[PDB]
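One chain comes next, on its own, written out as C-alpha cells in the form deposited in one PDB entry.
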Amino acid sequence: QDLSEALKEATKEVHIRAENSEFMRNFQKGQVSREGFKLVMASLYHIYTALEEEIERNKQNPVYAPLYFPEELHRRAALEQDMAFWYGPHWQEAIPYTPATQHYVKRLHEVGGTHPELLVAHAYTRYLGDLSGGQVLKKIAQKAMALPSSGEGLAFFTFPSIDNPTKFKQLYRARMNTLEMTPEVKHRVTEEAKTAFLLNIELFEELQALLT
C-alpha cells in the first residue's frame, strides 16, 4: 500500500471529526468574528514556525527531503504578513501563545529533533489540508469578515507559487510514495498523522472555549 493511500485511509475518520468540530462549524457558518480569527491565525503562526524550523533542520535528511517545497508551501512568511495586518506593526509582542498551541509546537520539535522520519506526517496534515479545506475556508472568511479579493489578511490561504492546488497535491502524494518505506515507518507515520489531527482538534476545542 502506498504511503499516500495509507495516510488518507488512516486519517479519513479523524478528519471527519476535525472538520465537524464546534469551532470549524461556527466558522463555516460565518459566526466567528475578528477576535476568533486573530486567535486561530496567531496559533497557526506559532505552529507553522515550529514546523518549518524543523523542516529546515531536516531538509537534507532522505526521510523527508523529497517533500522539501519551501517556495510552494511554506506559510511562515504569509503568516507574518497576516499577523501585521490583524495585530499591527508590533504584532510580535501582541499575539497569544495558548497552551494547546504550545503542546502542538512541543510535539513538532520532538519529531523534528528526535523522530525526523515522522516529520512527513505533520507536513502532510498541515499542507495537504491547506490545499484543500483551507481554500473553502478562505472564501468563507472573505464573505463573513469582508476581506477583499485582493488577499490582505488572508495571505496564509494564498499560494502564489502554486498554479493548481489539485495538481500539486497529486504531485505531493506521488513524491510521498518515493520515501524509503518499511512496515515500521509506515505504521508510525500514519499514527503520527492521527496524532497531528488530534493536536489540531484540541487546539480548536481550546480556542472555542476561550471565545465563549
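For every residue, the number given is its place in the sequence shown, counted from 1. Heads up, when I say rigid core I mean the largest set of C-alphas that superpose within 1.5 Å between the two forms.
Task: 22 to 30 versus 141 to 149 - which carries the larger mean C-alpha B factor in the record - done: Between 22 to 30 and 141 to 149, it is 22 to 30.
TODO: Higher average CA B factor in the deposited record is what I'm after, so tell me if that's 75 to 83 or 91 to 99.
DONE: Comparing averages over the C-alpha atoms only gives 91 to 99.
Task: Residue, from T49, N58, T166, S43, that the PDB entry assigns the highest Cα B-factor - done: In this record, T166 carries the highest C-alpha B-factor of the candidates.
TODO: Place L211 in the lowest, middle or highest third of its chain's C-alpha B-factors, as listed in the PDB entry.
DONE: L211: CA B-factor falls in the highest third of its chain.
- [ ] Name the third of the chain's ranked CA B-factors that contains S132, choosing lowest, middle or highest.
- [x] Its C-alpha B-factor belongs to the highest third of this chain's values.
- [ ] Among all modelled residues of this chain, ranked by Cα B factor, put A174 in the bottom, middle or top third, i.e. lowest, middle or highest.
- [x] CA B-factor rank for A174: middle third.
- [ ] Taking the chain's C-alpha temperature factors as the reference, tell me which third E192 falls into: lowest, middle or highest.
- [x] For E192, whose C-alpha B-factor we compare with every modelled residue in the chain, the answer is the lowest third.
- [ ] Report the third (lowest, middle or highest) to which the CA temperature factor of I162 belongs, ranking only the modelled residues of the same chain.
- [x] Top third by C-alpha B-factor.
The following text describes the form deposited in another entry, which does not appear among the structures shown.
Task: Core-superposed comparison between the shown form and the other one: the option from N177, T49, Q28, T158 whose CA moves 2 angstroms or more - done: Just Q28.
Task: Threshold 2 Å Cα movement between the shown form and the other one at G134, rigid core reference - done: Result for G134: yes, a 2 Å-plus shift.
- [ ] Have a look at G134 and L203: in the other entry, are their Cα atoms closer together or farther apart than in this form, given the change is 3 Å or more?
- [x] Farther: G134 and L203 separate by 3 Å or more in the other entry.
Task: Relative Cα spacing, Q135 and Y124, in the other entry - shift of 3 Å or more - done: Relative to this form, farther apart in the other entry.
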